[PDB]
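Residue numbers (the deposited numbering), protein chains in the order written: chain C, 1 to 37, 48 to 439; chain A, 72 to 140.
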Amino acid sequence: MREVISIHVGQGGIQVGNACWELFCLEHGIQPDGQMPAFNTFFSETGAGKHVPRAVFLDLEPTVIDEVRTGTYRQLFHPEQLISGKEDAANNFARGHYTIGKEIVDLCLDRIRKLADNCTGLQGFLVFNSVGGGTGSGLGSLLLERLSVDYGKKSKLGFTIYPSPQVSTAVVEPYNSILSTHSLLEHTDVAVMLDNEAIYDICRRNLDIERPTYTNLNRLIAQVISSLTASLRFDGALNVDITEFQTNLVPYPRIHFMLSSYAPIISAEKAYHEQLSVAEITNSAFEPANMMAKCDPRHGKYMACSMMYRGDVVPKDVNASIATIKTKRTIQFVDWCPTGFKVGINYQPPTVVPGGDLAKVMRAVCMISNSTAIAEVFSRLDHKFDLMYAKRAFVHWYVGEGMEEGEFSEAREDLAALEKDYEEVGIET
Amino acid sequence: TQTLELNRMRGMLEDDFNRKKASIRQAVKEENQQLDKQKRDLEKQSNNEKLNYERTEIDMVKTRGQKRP
Ligand SMILES: Nc1nc2c(ncn2[C@@H]2O[C@H](COP(=O)(O)OP(=O)(O)OP(=O)(O)O)[C@@H](O)[C@H]2O)c(=O)[nH]1
Ligand SMILES: [Mg+2]
């Protein structure tokens, strides 16, 4: 009687969802056929025999939804939970927010309602949207608003794959990212910024795989999310209910953009020469180098740190390690938060994915840090925006789809008002 | 002792009723699995039959050369 509802809109969302359902099915002893040869949190029994997942898979390019419709899991998902339109998003926000989704949101929301009618202890939503794209931006923000005006009190998380700092995957990515960031400011309670640049770095250095690919990246994202949800799913000496994050990491109502991290992500033979106790594992956890997002926490202040441990963990060493890590001077918190930690324990050791680059280890930590250095990212991203709005580049592909032009201005200005918060909260009393 | 003799009665009767209902549901699942084979096979038969008929039609059409009297 405690479960979630995971949405995977856009293109990256369905990919990370594929990997995440792989991991969930494989730890829960659930075969890819849906038949078993804890699942009330994610899966559901069809009266008898087989399991079915709690999810909805949105996209407008039927490519990926078809690829999963005839892949290895063709016989797992309810064929009404995979909604593929006809035309494509084409990286322009207004295409998936005013014209195409204008009626697809009706069907998707009716399916969400039919799902929630069956849930018994629903806690919150886990959405997935690569904001750099078109449909994950437009349709994603529109669903966010629709759920926030429909249900309300239910929490809304998110795992957004922002545009990288340096490497390029599209040229219009600042526009349809700023628009979704303006439309996501209030309807979402927790935003966990994921970036495909830092994880490429990690897979290059720690996991020793020189030629990575979105497969391994998504394996790692699935591992992070499973280490997050282990609290609800399985046993734990000190459990957290997802509504924990909604009240521990959102000091002020507007600022809720945090970054995640995981440890220990070490290959097999590289970790064979290592003991990996709580001390070293948590000292590596705070390392700015191996953060999932991309920033320099050493150049900013921290505000809140959730830390979920999993595996056979001894609590005395947990408290000792967190004390010594608060001792450090390079890592400092803001004045208005002296109790800058929030920890949890789950007895379930990490599960390895058969054929996964990650190594099997008993103790693992997953950190979610609401910091203030991540602010600069927006600035940098806003930077790009200005160098495009200085000459109204690419705007006609947006004004052609009913989107009022002025919106852009407002967003880019109103998003800039985020600084009015950020650079303020970084100042002591 | 009497109340235990009776509580075991209730327990056995209920843990038989529930297994019986689950068996009914599994039988219905099997019946639907069986019904699926009909639409799995009739469509295959009709597809192969359309293939044969339309191939024969193509042949009969193409089999019109010249007369040359
Ligand atoms: N972690 C992860 N990120 C991905 C993956 N595929 C794409 N991304 C990122 O998502 C962005 C791609 O934009 P899209 O999501 O394809 O654009 P869209 O909104 O779906 O619009 P359409 O293609 O018309 O459906 C890029 O930033 C990618 O880095 C993936 O498989 N895994
Ligand atoms: Mg796309």
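We put the CB at the ideal spot given by N, CA and C, even for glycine.
Around C:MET413, the same chain offers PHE103, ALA104, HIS107 and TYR108 as residues with beta carbons nearer than 8 Å, after the five sequence neighbours per side are excluded.
Counting along the chain, the unbroken alpha helix (DSSP H) around C:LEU391 starts and ends at 385-399.
Here C:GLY321 is not near C:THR382, since their CB atoms are 8 Å or more apart. If you check each beta-carbon in the stretch 82-98 of chain A against every beta-carbon of chain C, the ones closer than 7 Å belong to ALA93, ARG96 and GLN97. At a cut-off of 8 Å between beta carbons, C:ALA58 contacts chain A. A:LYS138 and A:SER117 have their alpha carbons spaced roughly 37 Å apart.
Shown here for C:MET398: same chain residues with a beta carbon closer than 8 Å to its own, the five before and five after excluded, namely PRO184, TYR185 and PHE404 in chain order. In terms of side-chain proximity, the C-beta atom of C:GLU113 is found no nearer than 7 Å to any non-hydrogen atom of ligand 2.
From the listed residues C:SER241, C:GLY131, C:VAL375 and C:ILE265, the smallest Cα separation to C:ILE276 is found for C:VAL375.
Pairing C:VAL387 with C:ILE231, the inter-Cα distance amounts to about 21 Å. Neighbours of A:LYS100 across chain C, judged by C-beta separation under 7 Å: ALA58 and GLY59. Residue pairing of C:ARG320 in beta bridges, as defined by DSSP: C:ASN356 and C:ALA374. Straight-line measurement puts the Cα of C:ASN18 at about 15 Å from the Cα of C:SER140. Listed in chain order, the beta strand (DSSP E) runs fully inside the stretch 164-220 of chain C are 169-172 and 201-205, counting runs of at least 3 residues. For C:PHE103, the three-state secondary structure derived from DSSP is helix. In this structure, C:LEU152 sits away from C:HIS197, with a CB-CB distance that is not shorter than 8 Å. Remark: the C-beta of C:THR145 is in contact range of ligand 2, defined as less than 7 Å to any heavy atom.
Pairwise C-beta distances place the stretch 335-344 of chain C out of contact with the stretch 237-254 of chain C, as fewer than three of them are shorter than 8 Å. In this structure, the beta-carbon distance from C:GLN133 to C:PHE244 does not fall below 8 Å. Cβ neighbours of C:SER158 within its own chain (closer than 6 Å, five residues either side excluded): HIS197.
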